[PDB]
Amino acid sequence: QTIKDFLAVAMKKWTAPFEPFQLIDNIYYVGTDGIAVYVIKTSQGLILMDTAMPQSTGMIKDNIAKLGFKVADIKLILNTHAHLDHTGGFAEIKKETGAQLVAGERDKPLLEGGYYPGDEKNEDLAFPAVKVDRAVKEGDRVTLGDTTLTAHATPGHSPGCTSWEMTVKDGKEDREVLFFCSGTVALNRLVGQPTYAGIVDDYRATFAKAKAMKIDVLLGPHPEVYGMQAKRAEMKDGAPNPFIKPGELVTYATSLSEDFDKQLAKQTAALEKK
């Protein structure tokens, strides 16, 4: 991986438009073609799940309005993890709306500083700093009106990476949704000068945890996590909701664990003096 390539991709597919849509029950997709953002409609206002790159905040606000929502009705902002491709609009939206920001406790310093962990002087990974109103840990519950989400600590990709669980209806039946936080290696350093202390252990705890969770609908902060576009194509009035795939988090976490092993080996070999 190169940071140049990360930025190149980040300034292309990550900023390209995608038509917003009702995904399941009160969960609506309002992200880009490469970064997933969601509105959760409650009886007491909107919950915003993540934002996108700093340059894309206007696009996200536009997508919200395209669905008939008001940006002003956002009361809570939740974060999966504190990297600029997910936090770029937090300061702006929080100021505009007066919403409270909720995030994993170990990501609080990242959010409040607007920097990438272990690469804190890199301005192309910086974002506008934002205050955290509530810092969460494993099992904490966050409620707006009729809707409650449960925090799960799934560190590795960031130290405070938080996967959020909530129940939706599919017809008469409950289905459990996870907004998985990310388990990719991406720009992180695993060995040598690791991005943060204990990162390797965190990733492997997270892959195992993910495989053991009872989840009907896998979501995530990039559409690639759950094959969003292919599922959207299969949506049809009266047909089963294609986002319900209860074995998918096991399959996806297995693919992540296998890639993790590859990247750990690669970085370990790269540390050898040549």
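Quick note: we count residues from 1 along the sequence shown, nothing fancier.
Trainee: Regarding 82-90 and 195-203, which shows the higher C-alpha temperature factor on average in the entry?
Mentor: Result: 195-203.
Trainee: Report the stretch with the higher mean CA temperature factor, choosing between 150-158 and 119-127 on the basis of the entry.
Mentor: Per the PDB record, 119-127.
Trainee: Check the PDB entry and point out which of 227, 220, 45, 34 has the largest C-alpha temperature factor.
Mentor: Across 227, 220, 45, 34, the entry lists the biggest C-alpha B-factor for 45.
Trainee: Per the coordinate record, which of the options 189, 172, 106, 175 holds the highest CA temperature factor?
Mentor: Most elevated C-alpha B-factor of the set, per the entry: 172.
Trainee: What third of the chain, by the recorded C-alpha B-factor, contains residue 73?
Mentor: Highest third of the chain for residue 73's C-alpha B-factor.
Trainee: Please rank the C-alpha B-factors of the chain's modelled residues and tell me whether residue 234 sits in the lowest, middle or highest third.
Mentor: As the PDB entry reports it, the C-alpha B-factor of residue 234 lands in the highest third of its chain.
Trainee: Sort the modelled residues of this chain by their C-alpha B factor and say whether residue 144 lands in the lowest, middle or highest third.
Mentor: It falls in the top third of the chain.
Trainee: State the tercile, meaning the lowest, middle or highest third, of residue 22 with respect to the CA B-factors recorded for its chain.
Mentor: As the PDB entry reports it, the C-alpha B-factor of residue 22 lands in the lowest third of its chain.
Trainee: So where's residue 183 on the chain's Cα temperature factor ranking, which third?
Mentor: It falls in the bottom third of the chain.
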